[PDB]
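Chains as they are written, first to last, in full-length UniProt numbering: chain Z, 534 to 601; chain C, 532 to 599.
Structure representation (structure tokens):
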């Protein structure tokens, strides 16, 4: 009766923990997937920004060349 | 107070501490992922603002050259 209750209690924690852990792997996995998708967007936006700065520099030079 | 029960309890107690450690680490990892995702959103917002301002500068440069 004393050993039986402790066993019932511990089994309950184990089933609880096990359910919560399974749920978290699922959540962690979708998070990492979100982050992989974010990475592609960020990379594209960063390339475009640097490409814009390149154009700006090239145009700043062309005007410098015209003002001689 | 049956026969395999003291050991069964010892094993289950072990699983619980193990589950408890693994649970804590996952909570920590999910929070880091979510913080990463929040930061990413902010970076993209900054990058989008910068592209738009850069395009403004680029158009302003092409027109100033047109006007010479």
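Where a beta carbon is used, it is the ideal one built from N, C-alpha and C, also for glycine.
Chain-ordered neighbours of residue 551 of chain Z on chain C, where CB pairs are closer than 8 Å: Taking the first chain and counting its residues from 1, one reaches residue 551 of chain Z at position 18. Residues of chain C passing the Cβ test: 550.
Closer than 7 Å to chain C by CB, residue 567 of chain Z: By one-based count along the first chain, residue 567 of chain Z stands at place 34. Closer than 7 Å: yes.
Rounded C-alpha distance that separates residue 535 of chain C from residue 543 of chain Z: The count along the second chain starts at 1 and reaches residue 535 of chain C at position 4. The count along the first chain starts at 1 and reaches residue 543 of chain Z at position 10. Approximately 15 Å, taken between the alpha carbons.
Under 8 Å from the C-beta of residue 580 of chain C: neighbouring residues of chain Z: For the purposes of this step, residue 580 of chain C is identified with residue 49 of the second chain, where counting begins at 1. Per Cβ cutoff of 8 Å: no residues; residue 580 of chain C is ~10 Å from chain Z at best.
C-beta atoms of residue 578 of chain C and residue 551 of chain Z nearer than 7 Å: On the second chain, position 47 is the one that residue 578 of chain C refers to. On the first chain, position 18 is the one that residue 551 of chain Z refers to. Cβ distance not < 7 Å, so residue 578 of chain C and residue 551 of chain Z don't count as in contact.
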